[PDB]
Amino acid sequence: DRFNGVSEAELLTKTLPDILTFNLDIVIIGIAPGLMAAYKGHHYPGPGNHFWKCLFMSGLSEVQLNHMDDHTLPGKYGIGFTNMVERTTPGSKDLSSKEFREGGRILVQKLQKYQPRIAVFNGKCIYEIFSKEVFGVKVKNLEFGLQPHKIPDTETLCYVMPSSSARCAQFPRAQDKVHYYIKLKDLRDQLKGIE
């Protein structure tokens, strides 16, 4: 067993709650919660996931944080959390086309409410669907980083990063993703100097 006696079937019935507030700077949008997040009730508890490590190596967090700290982030730092698909999935390749499109609609309504300065898509696959469904734009070479469109009727920017999951071989280490988190830290700073 990997979940201390809790069956994987029980975990798929559990959900992970969003941590959203008004006047946030950053909203971290994951694909869908995984088995460990459903179990813990916290964001990115995967012992090999790069999220908390990249958030420190980049300087967004001044100390080395963990999943139990996610609830302190909206007030201490200005970071929020939400997901494209709400349902617990053991992987991104288990989700269906309809599910993501249902999620894209429910996600855009959330962003139009809370209105963060930057919406961070923790995964490229979810921006592919979102761009097509919300902006009617399907481009050949989709890239990471700052995107050209703002969330409809808001001033929220769209930032895309490789998934913090250790699954992708194209960015094998946390060190290989850290660059996007630093460039995100710069965008937050550039925007915070509005005056």
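The first residue of the sequence shown is number 1, and the count goes up from there.
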Response to the item:
Higher of the two mean Cα B-factors (28-36, 149-157; per PDB record) comes from 149-157
Discussion item. Which is higher on mean Cα B factor in this entry, 59-67 or 159-167?
Written reply: 59-67
Worksheet item: Lowest, middle or highest third: where is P45 by Cα B-factor in its chain?
Response: lowest
Discussion item. Using the temperature factors of the C-alpha atoms in this entry, rank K14 within its chain: lowest, middle or highest third.
Written reply: highest
Worksheet, complete the sentence: Chain thirds by Cα B factor, record data; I118 belongs to the lowest
Discussion item. Splitting the chain's C-alpha B-factors into thirds, which one does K138 fall into?
Written reply: highest
Worksheet entry | Third of the chain, ranked by Cα B-factor, where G80 sits | lowest
